[PDB]
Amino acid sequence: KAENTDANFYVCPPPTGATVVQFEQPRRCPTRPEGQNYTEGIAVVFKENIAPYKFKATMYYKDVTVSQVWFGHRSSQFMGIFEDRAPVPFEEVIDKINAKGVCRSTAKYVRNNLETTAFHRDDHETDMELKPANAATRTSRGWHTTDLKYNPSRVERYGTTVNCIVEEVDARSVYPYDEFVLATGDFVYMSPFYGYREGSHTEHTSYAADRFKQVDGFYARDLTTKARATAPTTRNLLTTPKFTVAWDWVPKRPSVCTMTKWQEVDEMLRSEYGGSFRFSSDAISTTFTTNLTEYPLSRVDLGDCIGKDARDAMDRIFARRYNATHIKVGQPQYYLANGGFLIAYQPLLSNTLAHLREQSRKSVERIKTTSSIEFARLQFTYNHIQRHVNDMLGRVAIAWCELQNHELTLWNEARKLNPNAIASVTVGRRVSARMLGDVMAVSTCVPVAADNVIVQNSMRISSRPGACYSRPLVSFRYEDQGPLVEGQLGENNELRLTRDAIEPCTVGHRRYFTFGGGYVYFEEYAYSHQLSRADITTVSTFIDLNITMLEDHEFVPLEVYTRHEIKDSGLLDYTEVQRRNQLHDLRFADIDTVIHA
């Protein structure tokens, strides 16, 4: 009896003609995409120039100090100090300071609608040469005359001081550059590019024309060294109510640029995909997307440095590598990418492939740029990855498809041998199978309880000596009480009624046979025992393939410096001060009490 019973039994007769089936034809294997045409080239990326136009100048003024003093016995107290900074008149700058490096001990200027005049020491005007300032770590240059305050003499009236001061400083002007400031925190409400030449008079000024002046062929005389006329300039000279500042007038457009060069890309591969271009600098790990057309520097505001810098850089680069390997291809091309980034691009071709497409590339505004260039480095990554995995996986499907094609060539010859099995496998269920011409006549098989099956001890034929069986005989019943059938066993638990599986008696006749969960054994055509597959050392026909799915992962908010670490980086907080300062009175004083008597 079927000891090992963790299986099902089947009985498969010759499958009646109907039904008949056919194998699926070879499938059309997919094709590798032609790929993606990339254009090798050099690129330069500009950015919204948030940097203020920087230049240098010179301040000329005098620190006037009028002091009143009250004299008492064995003591003295300041009664009211009046400090002011007054301009050094135009002529006093040209004829006095520049030429000789001197300055009047007197100050004459308009203040509060009147011609006030101050005399140092309250003594007749004496011209006094200038001397370098004192200890000044990390400070631009500066000179002056007076070094001591003047106070009234002993008694029981007033004293005026006049220190002609001149300082070299750093000036900072920002778009639209209609005005600028200094390192002293002093505003100057005139465009640094104001003047007369170049129609500079068009530029902005808040002052009367008589205040401003513009000296031509001006030879500055560097004090201290006393050196002079190193270079002639068109010295602009404005006279503020509090001082007189001057600087070398320079052209606007050439000196400024609303954009700043950010990156020099040696190889910026350019490709089209979806009505846009693709610039991927693998060197920097970045990818930009731009419309198909270019961008005229004409619509740009004061972006003169742009074209200038682009050319210089590119030509510079083309001379390091490409000058031998490749060759230029048309005039510079400019495209604008998302995030407000301007891309200067010059295509390249190696002699190996020795254009018209490059042609036909063609108020005022200004460009804004995103402080974050991550969306691009992201795109870059994704694409380079996606593109890869796709281009790769595709190759698989093809080979696979092709494999299944060749495999069929095998299934064809195979079905000839064991249709009953081959077909059963191709139908995913035990079925009777036989070849009816080129197609296959088939009819399902029938399940049989293993508990109802038992084998005969004899593989021999009492009625036919000399000859024996090739397969031991068996008996079974579908139902729990069903009739008993004299059918012989076939491969893989099939119950072949027709007992025509025979073979002449053989010497040294060992043989194992599939029998339920395990096998059955027979020595010399005589039964032996049943066993489990475990006993028989199993060998595999499969090519192993160990795979592991990519695990998850958490990306936590991570920052190098929180904005608060920045609001603190500022050594001085203008808000902290003014708050505490304008709160000073409230803390240490009462502003509501009135007194009288």
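The first residue of the sequence shown is number 1, and the count goes up from there.
Hey, how big is the hole between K362 and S363 in terms of deposited residues without coordinates: none, 1 to 3, 4 to 9, or 10 or more? Going from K362 to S363, the model skips 10 or more residues of the deposited sequence.
Please classify the unmodelled stretch of the deposited sequence between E156 and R157: none, 1 to 3, 4 to 9, or 10 or more residues. Gap size class: 1 to 3 residues without coordinates, per the record.
Would 568-576 or 46-54 have the larger average of its C-alpha temperature factors, as given in the entry? Stretch with the higher mean C-alpha B-factor: 46-54.
According to the deposited model, is the average Cα temperature factor higher in 294-302 or in 402-410? Here the higher of the two C-alpha B-factor means belongs to 294-302.
Please pick out which of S463, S443, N113, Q386 has the largest Cα B-factor as recorded in the entry. Spelled out: the listed residue with the top C-alpha B-factor is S463.
Name the one of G516, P89, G339, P232 with the greatest CA B-factor according to the PDB entry. Comparing C-alpha B-factors across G516, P89, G339, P232, the maximum falls on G516.
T240 CA temperature factor, ranked by third within the chain: It belongs to the middle third of the chain when residues are ordered by C-alpha B-factor.
Using the B-factor values recorded in the entry, state whether the Cα atom of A534 falls in the lowest, middle or highest third among the modelled residues of its chain. Its C-alpha B-factor, which the entry lists for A534, ranks in the middle third among residues of this chain.
Going by the entry, which third of its chain does the Cα temperature factor of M549 land in? It belongs to the highest third of the chain when residues are ordered by C-alpha B-factor.
Which third of the chain does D451 land in by C-alpha B-factor: lowest, middle or highest? It falls in the top third of the chain.
State the tercile, meaning the lowest, middle or highest third, of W70 with respect to the CA B-factors recorded for its chain. Highest third.
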